[PDB]
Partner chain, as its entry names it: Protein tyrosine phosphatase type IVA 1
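In the form solved without its partner chain, a lone chain appears below as structure tokens.
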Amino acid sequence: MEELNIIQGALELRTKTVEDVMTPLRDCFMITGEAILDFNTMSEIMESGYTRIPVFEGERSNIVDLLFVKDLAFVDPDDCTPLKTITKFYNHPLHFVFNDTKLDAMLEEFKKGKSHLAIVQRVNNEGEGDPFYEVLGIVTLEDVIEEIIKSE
């Protein structure tokens, strides 16, 4: 049945972490904070089909923002408006989570609040002194859901 599949997936929400279902940083469709929204850029963004596009500055692992395709609704290409202005204006909240976070917990944090996307990071304790947060990718509500309803 579907019932049984779903129940089992829900049973395994306890063990599994966000690192197991995440989209790793290299498979992620992202965009540079210095980008200009002109017909071709908005075109690539729309073509990607993703509702949410991480915004990075410098290295891809330095993620300062979140762009939503809806934010392009009122943008005119002829204006060649830089992405910075839109990220300042809407300023969508960025959520981070640890790679060891369990999926039930992630699901609970997804329910309360609007945010369906979280940046997955881990602690890198191998220094070079000061330990730093290392960004590994993104996880979404859809990732967790897909893990629940998938068959096996």
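Residue numbers count along the first chain shown, from 1.
Asker: Out of 129-137 and 20-28, which one has CA B-factors that are higher on average in the deposited record?
Answerer: Per the PDB entry, the higher value belongs to 129-137.
Asker: Comparing 36-44 with 120-128, which stretch shows the greater average C-alpha B-factor in the deposited entry?
Answerer: For C-alpha atoms only, the mean B-factor is higher in 120-128.
Asker: By the recorded C-alpha temperature factor, relative to the other modelled residues in its chain, which third is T85 in?
Answerer: Middle third, going by the recorded CA B-factors of the chain.
Asker: Please place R60 in the lowest, middle or highest third of its chain according to the CA B-factor in the PDB entry.
Answerer: Middle third - that is where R60 ends up once the chain's C-alpha B-factors are sorted.
Asker: Consider only the C-alpha atoms of the modelled residues in this chain, order them by B-factor as the entry records it, and name the third containing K102: lowest, middle or highest.
Answerer: Within its chain, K102 is a middle-third residue by C-alpha B-factor, going by the deposited values.
Asker: Sorting the chain's CA B-factors, does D79 end up in the lowest, middle or highest third?
Answerer: Middle third, going by the recorded CA B-factors of the chain.
Asker: Within this chain, which third does the Cα B-factor at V144 fall in: lowest, middle or highest?
Answerer: Lowest third, going by the recorded CA B-factors of the chain.
Quick note: we don't show the form deposited with its partner chain bound, though the next part is all about it.
Asker: Would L94 sit within 4.5 Å of its partner chain in the deposited bound form, counting heavy atoms only?
Answerer: Contact check for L94: no, nothing within 4.5 Å of its partner chain in the deposited bound form.
Asker: Do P24 and its partner chain come within 4.5 Å of each other in the deposited bound form, heavy atoms counted?
Answerer: Although its partner chain is absent here, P24 would stay clear of it in the deposited bound form, with no heavy atoms inside 4.5 Å.
Asker: Indicate whether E34 is a 4.5 Å heavy atom neighbour of its partner chain in the deposited bound form.
Answerer: No, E34 is distant from the partner.
Asker: Is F98 near its partner chain? Define near as a heavy atom within 4.5 Å, in the deposited bound form.
Answerer: Judged by the heavy-atom cut-off of 4.5 Å, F98 is in contact with its partner chain in the deposited bound form.
Asker: Residue by residue through 112-130, tell me which have a non-hydrogen atom within 4.5 angstroms of its partner chain in the deposited bound form.
Answerer: Sequence-ordered list: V123, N125, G127, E128, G129, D130.
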